[PDB]
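Some notes on the structure that comes next.
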Amino acid sequence: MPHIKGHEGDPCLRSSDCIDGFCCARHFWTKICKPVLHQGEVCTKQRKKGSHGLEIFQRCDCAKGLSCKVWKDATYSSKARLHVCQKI
């Protein structure tokens with residue numbers, strides 16, 4: 001398929017396949033396109049998906065000018081570690 005945009009509510013299957021300022025995320029029902037995140041929002045700098053019995057990640061990268069920092073919160077217990085965005 002051609003360059004599929006996001007617009008918050010569009011099916012994606014590529015590393016991005018979303019608006020110039022959007023990022024593709026993973027959703028329970030199906031993979032959809034979601035907007036960018038900002039300081040304070042969850043961040044993802046380490047994700048491993050491929051082996052059997054894996055966990056879904058419903059998040060996207062931070063907006064331009066933000067740094068991905070680790071965030072200790074009662075949630076990473078699932079498997080992967082949780083991070084947060086910081087406005088540079």
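Please note that chains go A, B, ... in the order of the structure tokens, that every chain numbers its residues from 1, and that ligands are numbered from 1 in the order shown.
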
Worksheet item: What lies within 9 Å of region 17-28 of chain A using only C-alpha atoms, ignoring chain neighbours under 2 positions off, as a ChimeraX atom specification?
Response: /A:3-8,10-15,30-36,56-61,63

Fill in: Filtered DSSP result for chain A, state strand (DSSP E or B), as a count of residues only
23

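Minimum distance to residue 45 (chain A) across A:72, A:16, A:83, A:77 (counting only C-alpha atoms) occurs at A:83.
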
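Ranking A:9, A:66, A:41, A:47 by their shortest atom-to-atom distance to residue 81 (chain A), with only C-alpha atoms included, puts A:47 first.
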
Practice prompt. Find the residues around residue 69 (chain A) up to 8 Å (only C-alpha atoms counted), leave out those fewer than 2 positions away in its own chain, and share them as a ChimeraX atom specification.
Written response: /A:43,67,71,83-86

The selected residues should be written to file as a compact mmCIF listing (two decimals), in the first residue's frame (atoms: C-alpha atoms).
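Result went into again.txt, see below:
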# COMPACT_ATOMS: atom_id res chain seq x y z
CA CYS A 43 8.70 6.75 26.61
CA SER A 67 14.87 13.31 25.83
CA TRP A 71 11.04 6.28 34.87
CA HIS A 83 10.30 5.41 30.73
CA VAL A 84 9.18 9.04 30.53
CA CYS A 85 9.65 12.00 28.19
CA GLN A 86 11.48 15.19 29.15

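Pairwise distance (CA of residue 65 (chain A), CA of residue 46 (chain A)) equals 19.1 Å.
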